[PDB]
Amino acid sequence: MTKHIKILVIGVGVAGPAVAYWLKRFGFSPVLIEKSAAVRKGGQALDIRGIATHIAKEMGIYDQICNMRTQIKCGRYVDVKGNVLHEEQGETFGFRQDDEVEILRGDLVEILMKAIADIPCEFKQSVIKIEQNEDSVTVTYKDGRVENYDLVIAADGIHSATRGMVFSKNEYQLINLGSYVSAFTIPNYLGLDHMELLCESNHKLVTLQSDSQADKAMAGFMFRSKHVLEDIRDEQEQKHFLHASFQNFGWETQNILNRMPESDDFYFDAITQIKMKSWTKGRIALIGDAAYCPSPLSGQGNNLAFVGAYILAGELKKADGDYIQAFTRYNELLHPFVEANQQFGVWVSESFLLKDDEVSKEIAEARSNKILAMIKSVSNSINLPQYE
């Protein structure tokens, strides 16, 4: 029966634990692995918007998410001299409305894992080799131990090792949006209280906020550049590039960058999307950022993780575990919605900033209203199957 189908789910992010939840509810027996020792606390703030709030409510986690939600009371668009151009209440500022909610990644993953407490999960574990034939997926773990599974679902993130192990370069594109993102935590030296400030120039944006930790602030940097690093994973090159890019910005960036050396969560990356004609090969499926990452400029990644998890599990349910049928349906039903959400990110990468002009109240307000409306349009733009 479907209960006896062996399914390996790789990574304890959003998509992995969510697809594990739905597979179990739908009569399958998934197991999870995670390379890290434990769920990473804190991290980036994730949005649940549009159709994804329905899925969260059905999973029984929506109230728990709302209990752990981000608490920004107001955001402000400020000029480099600290004048307020435009102020919005926190949810509106974040382009959320209605039942939509924002939660730090680590707090969401904790809730997801509490909802699957019955599902076996092994941390400090990773797959170093995958081979498949018509009957089985043979997995080799890091220590050489081998196990066979009927299916493997890889939720291992935008940099996914499984994608590289399974697919060739002809089978996916890494779409570079021409921009970089960086974030790090510093002492809250301004004494912000549940508030975010956002300052921009033609090609760059800087945010500073304090929310759940009164003595900490999170800094963020997004900027368009055609520069390529010698080694994009070299952290000292990243910090020199960030510093050089922002040396002339003004506002709080000297105060922020002067505290960068002592921050312990530093994050830097190119803004990239994953475009695949097929997320699946044989008995192996990619899901979440590994398959379809829309990039942070979209603000939809978490939504795509939730929707992908629901659809892949439900199509396996409706196929009674026939993965050839279900994987085809997974690809066909979800690609347009993924493409819409990725193209929203592309749009942000191209039109959010004012190329030739200085921001004003009128521009920030009209832009904010437009994004709110476009995101509501794109985030509701799938007719979600009903699998029960």
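The first residue of the sequence shown is number 1, and the count goes up from there.
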**Message:** Please compare 168 to 176 with 313 to 321 and name the stretch with the higher mean C-alpha B-factor in the deposited structure.
**Reply:** 168 to 176
**Fill in**
Taking the deposited Cα B-factors and averaging over 230 to 238 and over 299 to 307, the higher mean is found in 230 to 238
**Request:** Have a look at 124, 275, 159, 105 and flag the one whose Cα has the highest B-factor in the entry.
**Result:** 124
**Item:** Per the PDB entry, maximal CA B factor within 290, 190, 116, 78
**Value:** 116
**Request:** Consider only the C-alpha atoms of the modelled residues in this chain, order them by B-factor as the entry records it, and name the third containing residue 216: lowest, middle or highest.
**Result:** lowest
**Prompt:** residue 344's Cα B-factor: lowest, middle or highest third of the chain?
**Reply:** middle
**Prompt:** Sorting the chain's CA B-factors, does residue 183 end up in the lowest, middle or highest third?
**Reply:** middle
**Fill in**
For residue 47, the third of its chain by CA B-factor is the middle
**Prompt:** In terms of the chain's CA B-factor thirds, is residue 252 lowest, middle or highest?
**Reply:** lowest
